[PDB]
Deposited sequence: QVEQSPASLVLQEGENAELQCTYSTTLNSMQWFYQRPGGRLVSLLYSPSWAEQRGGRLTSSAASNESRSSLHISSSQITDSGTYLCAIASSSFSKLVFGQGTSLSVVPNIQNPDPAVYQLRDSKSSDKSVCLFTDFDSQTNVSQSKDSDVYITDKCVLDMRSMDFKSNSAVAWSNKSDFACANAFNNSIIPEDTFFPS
């Protein structure tokens, strides 16, 4: 009965974001929740919330996200309640991914002694797991050094194996052709 749109999207931080919920019948009320993977269900909207997110009806309800920032990334779900008491019916959610604007990208890969660290690549880039079933690579995440206002992308590759070396940890990924590999 409840339909959300799109299923998923990726935008650069700063862009505005419009998500969609569409219900079959006459609703009564309608709530939007938000949940990072691992986290719990936060009620965003029962309209406004603090002002940076807003909502509209038309039964096409839709949610507006102004100046998205990395911390907006998560799952957005639409629940409609067709009476003051009848149970919520949850849409299927929309996967939002907000991705930093890397001004001065510095594609590099380093060795960390007690691991391999892919870092400082500009957001367009994407990281693949190895077919090598005893090598461990993580998905990129963005780290926000709020202090000196700097945002960085990164991922980590590692395995207890002599062959493996930082020059070849990300061979399964397409990585900027000018990625810096230190001696």
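Trainee: Could you give the ranges of the deposited sequence that carry no C-alpha coordinates?
Mentor: No C-alpha for residues 47-51, 64-66, 123-129.
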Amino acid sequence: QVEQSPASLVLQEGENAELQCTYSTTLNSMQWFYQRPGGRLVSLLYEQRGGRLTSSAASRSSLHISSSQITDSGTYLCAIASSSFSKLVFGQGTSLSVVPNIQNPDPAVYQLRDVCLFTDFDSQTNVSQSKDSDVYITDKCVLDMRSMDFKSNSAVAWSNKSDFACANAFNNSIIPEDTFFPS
From here on, numbers count along this sequence of modelled residues.
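Trainee: Would you tell me which stretch averages the higher CA B-factor in the PDB entry, 27-35 or 125-133?
Mentor: Going by the record's values, the stretch with the higher mean is 125-133.
Trainee: Tell me which stretch has the larger mean Cα B-factor in this entry, 91-99 or 77-85.
Mentor: The recorded data point to 77-85.
Trainee: Name the one of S67, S154, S62, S59 with the greatest CA B-factor according to the PDB entry.
Mentor: In this record, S59 carries the highest C-alpha B-factor of the candidates.
Trainee: Considering only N16, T22, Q12, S162, which residue's Cα atom bears the greatest B-factor as recorded?
Mentor: Within the set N16, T22, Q12, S162, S162 shows the top C-alpha B-factor.
Trainee: If you rank the chain by CA B-factor, which third does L143 end up in: lowest, middle or highest?
Mentor: Its C-alpha B-factor belongs to the lowest third of this chain's values.
Trainee: Looking at the C-alpha B-factor of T71, is it in the lowest, middle or highest third of its chain?
Mentor: According to the entry, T71 has a C-alpha B-factor in the chain's lowest third.
Trainee: Of the three thirds of its chain by CA temperature factor, lowest, middle or highest, which one includes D149?
Mentor: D149: CA B-factor falls in the highest third of its chain.
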